[PDB]
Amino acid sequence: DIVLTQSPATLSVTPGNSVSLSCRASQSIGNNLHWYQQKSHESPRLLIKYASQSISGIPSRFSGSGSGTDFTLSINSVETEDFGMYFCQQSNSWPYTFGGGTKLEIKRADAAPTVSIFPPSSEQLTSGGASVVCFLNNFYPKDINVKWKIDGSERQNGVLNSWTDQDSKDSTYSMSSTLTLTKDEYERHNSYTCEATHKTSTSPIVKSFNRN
């Protein structure tokens, strides 16, 4: 099958600046290359067809060029609304194939996470379990680490982490981390701490609570 290789994997762009995205085909595909945008929680949207043909209703700041094996999508004057995934697709040969996608990230000022910790609810304890939850919210850039401690010692088991996509309104990222214990184990310890390590400081942000 025709393999489409997109580059780079990720672009970080300040709104107002321009950028371009590459798609390379493993064989020549003429002009038979189509570009899609896919925003978070939406379906793909066609931006350019047949390498360079414009699409009704798509802003003129999107353009496409190239032929044969090498194709370029250009976005002049990037706007915050342009964040998401970009994919190329070839229609030269069956089966149709897609590139692996380029993520467009909006650049903004660094921001430290807002960290909040929550103990297990009365309701969960009654069923025999105990989850401690830590939200690390509205930070930038995206990379972050959470470490949990129980009575000051690092705890690595029972942790489940989840991360949002870039926020459409402020361009930040968030993360949730949940430490789940048995009620019996929870009631054997006194302090529960989550620590966020982020680019914004050499010292992690620490939040704790003390059992009941």
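Numbers follow the displayed sequence, beginning with 1.
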For the C-alpha atoms alone, is the average B factor greater in 80-88 or in 121-129, going by the entry? 121-129
Is the mean CA B factor in the deposited entry higher across 173-181 or across 154-162? 154-162
Selection from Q37, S40, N32, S52 [criterion: highest C-alpha temperature factor in the record]: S40
Comparing against every modelled residue in the chain, figure out the third that the C-alpha B-factor of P44 lands in (lowest, middle or highest). middle
Should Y186 be placed in the lowest, middle or highest third of its chain by the C-alpha B factor in the entry? highest
Lowest, middle or highest third of the chain for the C-alpha temperature factor of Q27? highest
What third of the chain does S208 rank in for C-alpha temperature factor, lowest, middle or highest? middle
Quick check for you: using the entry's CA B-factors within this chain, is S67 in the lowest, middle or highest third? middle
